[PDB]
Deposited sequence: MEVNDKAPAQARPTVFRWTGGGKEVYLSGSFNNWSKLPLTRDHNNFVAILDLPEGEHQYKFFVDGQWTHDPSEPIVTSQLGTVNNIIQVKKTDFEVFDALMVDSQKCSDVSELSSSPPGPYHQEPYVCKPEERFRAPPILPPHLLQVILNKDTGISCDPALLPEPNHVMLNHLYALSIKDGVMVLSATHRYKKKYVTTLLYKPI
C-alpha cells in the first residue's frame, strides 16, 4: 500500500553479469536486466533509508554518480532516501523545478490574426445590432481603437466570461 513504492535501480555501463545487493534484500545478489549498457531492476521499497551496492563482473562497486555513505570500517555503499513526495506526481514536479520600477534585433512581424476586427465585421440586418461574431481566441484582450476625433477617443477590446464573449466600447474625452 503505502509501504510498496516503486524505486528504480539503474547501473550505466557494460557487463556480462550485474547484480544488486542492499539492506532491503539482506545483501543477496539480485540479477539486473540488461538493455544495451543499461541494467535495471524496479523494487517496491518502504519509505526510509536504504543502502545498496552493485556486483559488476566480479567487482563489488557503488555508483559514483549516486549518493554514497562511508562507515567507520571503510565500507562505501550507495544510499537512497525514499520519500512520499517522490511518488506524488505533482509533488515531484514541484520539487524538481528549483525589477518593475523604472530603471531606464528587429520587431516581430505583426500576425494577420489581429487585423480581423470583430467590430468591422458586418452583422445581418435582421439580427440584434448588439450581437457579434465569435472571436478568434488570439485577439481577445487586445486593444483596438478609433482615430481620435472631436477630442473624443473610442477604445474597444473583446473579453471572455465563461463560454461567452463581450466586446466593450468606451467613449472618453481626450
(message) Counting from residue 1 of the deposited sequence, where are the gaps with no C-alpha coordinates?
(response) 1-7, 106-122, 129-134
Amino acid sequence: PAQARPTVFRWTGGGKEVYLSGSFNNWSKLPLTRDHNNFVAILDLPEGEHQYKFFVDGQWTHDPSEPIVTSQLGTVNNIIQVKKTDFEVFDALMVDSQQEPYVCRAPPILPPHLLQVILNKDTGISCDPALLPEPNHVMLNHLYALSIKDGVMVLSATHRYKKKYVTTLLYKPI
From here on, numbers count along this sequence of modelled residues.
(message) Please compare 67-75 with 84-92 and say which has the higher mean C-alpha temperature factor in the record.
(response) 84-92
(request) Could you check which stretch, 162-170 or 12-20, carries the larger mean CA temperature factor in the entry? (result) 162-170
(message) Using only the C-alpha B-factors in the record, can you name which of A106, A41, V138, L146 has the highest?
(response) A106
(request) Using the entry's values, work out which of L114, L30, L45, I118 has the largest Cα B factor. (result) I118
(message) How does the C-alpha B factor of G58 compare with the rest of the chain: lowest, middle or highest third?
(response) lowest
(request) Would you mind ranking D122 by its C-alpha B-factor against the rest of the chain and naming the third, lowest, middle or highest? (result) highest
(request) Place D35 in the lowest, middle or highest third of its chain's C-alpha B-factors, as listed in the PDB entry. (result) lowest
